[PDB]
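Remarks on the structure that follows.
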Amino acid sequence: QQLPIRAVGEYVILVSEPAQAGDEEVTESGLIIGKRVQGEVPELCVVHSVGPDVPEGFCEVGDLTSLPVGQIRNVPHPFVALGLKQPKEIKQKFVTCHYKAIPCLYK
Amino acid sequence: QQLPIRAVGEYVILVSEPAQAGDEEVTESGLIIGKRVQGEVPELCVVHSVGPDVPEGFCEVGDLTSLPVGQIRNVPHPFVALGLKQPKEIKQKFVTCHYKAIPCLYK
Amino acid sequence: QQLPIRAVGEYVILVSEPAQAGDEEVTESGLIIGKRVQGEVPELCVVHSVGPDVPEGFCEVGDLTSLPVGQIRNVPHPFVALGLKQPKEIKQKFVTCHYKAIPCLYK
Amino acid sequence: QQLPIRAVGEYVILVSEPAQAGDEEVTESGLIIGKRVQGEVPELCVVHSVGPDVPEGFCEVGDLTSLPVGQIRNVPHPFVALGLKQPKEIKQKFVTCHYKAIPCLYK
Amino acid sequence: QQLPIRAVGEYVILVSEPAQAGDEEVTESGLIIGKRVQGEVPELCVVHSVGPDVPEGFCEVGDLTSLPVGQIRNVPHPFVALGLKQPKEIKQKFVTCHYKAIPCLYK
Amino acid sequence: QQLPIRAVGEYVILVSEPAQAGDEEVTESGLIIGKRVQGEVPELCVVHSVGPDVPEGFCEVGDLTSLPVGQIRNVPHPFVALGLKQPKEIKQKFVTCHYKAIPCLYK
Amino acid sequence: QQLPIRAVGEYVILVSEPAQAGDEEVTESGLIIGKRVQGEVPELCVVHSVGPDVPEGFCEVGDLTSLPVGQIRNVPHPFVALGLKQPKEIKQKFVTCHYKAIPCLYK
Ligand SMILES: [K+]
Ligand SMILES: [K+]
Ligand SMILES: [K+]
Ligand SMILES: [K+]
Ligand SMILES: [K+]
Ligand SMILES: [K+]
Ligand SMILES: [K+]
Ligand SMILES: [K+]
Ligand SMILES: [K+]
Ligand SMILES: [K+]
Ligand SMILES: [K+]
């Protein structure tokens, strides 16, 4: 899992899971969805890196958790950052958030 | 009573109670309910897990409490998270909130 | 006076008084009252339980005080919470608020 | 002057003075006055009780001061609170505010 | 300069200067001036009293400074406060502000 | 360079530079510029005085820096303040800001 | 890689990378882009200078990172600042941000 990307300070870098609840487009088509609603949607992620300032024993790499879309921020894939590839050809999605935004671990 | 899901930091994971306020829908039908009102509605829940940073002796697993819908956030059922179940066939509702949002225990 | 409900942390649980100044029904009928105004209305209450984190010697059970409606939050009666009574058949009204919202005691 | 009402925490209970800005009613009748303006009007008050958490030597009972209407909150007269008298037949007006809202003393 | 009015806590009481920026009335008449603009106008004042909680050596009585109208608050003249004169016959204007709002001294 | 004006507390007094990037008025005439945009524009300034509470070794008088217009506040020239000159005959523009608003020095 | 510009306090000065997200001009022409969206766009940068108050071992000069456009602020190029060149003939873009806004390093 280790690529050239590390979390600093009190941040934590996670990697989004391939499957998320969105495979239930049960909602009527052509509806306008507000930003609050979109921000509440949970995102299943796996801890990839923990900032050196996150309190010791907070979580561990490999741990699975859930964060609302609105609490996390997308981080450019290290290859795109290191100018090797194009965003489109990257499947893995890295996101970040402050450790205090993490409420649980499916551990 | 426990499942593979634990609270971290200062968070607390509760499990919502079967019966709640919703029963009295004897209100006039077709009225638009604001978000503040909806956020006010209390939710009866039972403590399932207490984050390691919640001050010692704050509460105990099994304790029943009440939180406004607006103070808690829904957490994906560990089963759905661990990819075995579809949220639809899940009855137990897990929610989370910061410990400072808990004002009382029905003990 | 003590029912099976206790305040936790820095919260305080009070019990509203039977009579409130809501006897001044001398307001012109059919007027729309704003939320700020409604939130300003005082509520006479009696301390029923003090959270363990409220500084020692802050107040005592039985003490009468006044809080603006907007500063307190209604708490489900322990009977309703413990699924023994129906809300409608409950007279006592329990409310909660952070101790820092309490400015005085009528003692 | 001292009735059964005491200030707690960092609050201070004052008693409004009989004469206030309410005399200069030279302002054009029929004008709608905003809430900011109304909140700016000073209110002359006398310290009646100082919360035990207000820093020692901050002020003394009997001290006269001035607070903007928007910084203070009306407190029910102890007799109305103690259900001994009615609001209409009460002359003394008690108000409260946090000690940090007090900028001066007319001493 | 010293009348019966003292600053408490971290506040500072100043006395506004006779001539201010306003003299430059060369702008177009009948223009509606916003509140942000008005709040930015500087006010030349002289320190009259320093609260006991303002850090030692912050400033001295007699010191001249400048504060934006929006940062200071008018304080009733002690003669009006002590009920001897109607504000109209008062020329000295006292104002207050927190010490952290003071950026400089003209000395 | 030292005029009779000193910074107090955590403030810093700077003097604006004669030239700023406003020597690029190629912008289409008659356009309405928002406040956010205007507040963004950098201002080149030279440190004239450092408040006694600004941490030691933060910066030095004479140091050149850049601050967004929206982060600084204009300060009346000591000559206008000391009633020695009308504003119009003053070229030097003194400004102030909190030290935490300063991100760099061109030294 | 160092010119005459240094970061002070808790700030960090970075230098933007030549290639950025702007390469995918696939966005339908003539669409108005909101400010939130624009502020979210990541900007790849290289640490050029770390303020003396940024905690030791936070990052190192030369380190590559990613920051949302809305978190960073453009800093005038030292030569424009030192009145040695024109902004138009300057290629290198310097930006600044508080260290707490940095979530990762591509190390
Ligand atoms: K849509
Ligand atoms: K909305
Ligand atoms: K509805
Ligand atoms: K009504
Ligand atoms: K009116
Ligand atoms: K006007
Ligand atoms: K406006
Ligand atoms: K214009
Ligand atoms: K706008
Ligand atoms: K556009
Ligand atoms: K919008």
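Here is the naming used below: chain letters follow the sequence lines, and residue numbers restart at 1 for every chain. The figures that follow rest on heavy atoms only: side chains count, while hydrogens, waters and symmetry mates do not.
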| task | Supply the atom-to-atom distance D:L82 CG to C:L64 CG, rounded to the nearest 0.5 angstrom. | result |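 It comes to 6.5 Å.
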
| request: Against chain C, work out which of D:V12, D:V75, D:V80 has the most heavy-atom pairs shorter than 4.5 Å and name it. | output: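 The candidate making the most pairs under 4.5 Å is D:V75.
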
| request: Return the option, out of D:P76, D:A7, D:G9, D:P78, with the maximum number of heavy-atom pairs under 4.5 Å with chain C. | output: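 Heavy-atom pair counts peak at D:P76.
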
| Has D:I32 got more than 12 heavy atoms of other residues, nucleotides or ligands less than 6.0 Å from its CD1? |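 No, the 6.0 Å shell around CD1 holds no more than 12 heavy atoms from other groups.
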
Structural part of [X] lying under 4.5 Å from a heavy atom of chain D:
X: C:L44; result: side chain
X: C:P42; result: side chain
X: C:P55; result: neither

| For D:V8 against C:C104, the heavy-atom pair lying closest together |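 Where D:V8 meets C:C104 most closely, the heavy atoms are CG2-N, 3.7 Å.
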
Enumerate the inter-chain donor-acceptor pairs under 3.5 Å for chain C and chain D, one line per pair.
| residue | atom | partner | partner atom | Å |
| --- | --- | --- | --- | --- |
| C:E40 | OE1 | D:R73 | NH1 | 2.7 |
| C:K100 | O | D:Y11 | OH | 2.7 |
| C:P103 | O | D:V8 | N | 3.0 |
| C:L105 | N | D:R6 | O | 3.0 |
| C:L105 | O | D:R6 | N | 2.9 |
| C:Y106 | OH | D:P76 | O | 2.6 |
| C:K107 | N | D:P4 | O | 2.9 |
| C:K107 | O | D:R6 | NH1 | 3.3 |

| said: So which residue, C:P68, C:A21, C:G57, ends up with the most heavy-atom pairs under 4.5 Å with chain D? | reply: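 Most pairs with chain D among the choices: C:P68.
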
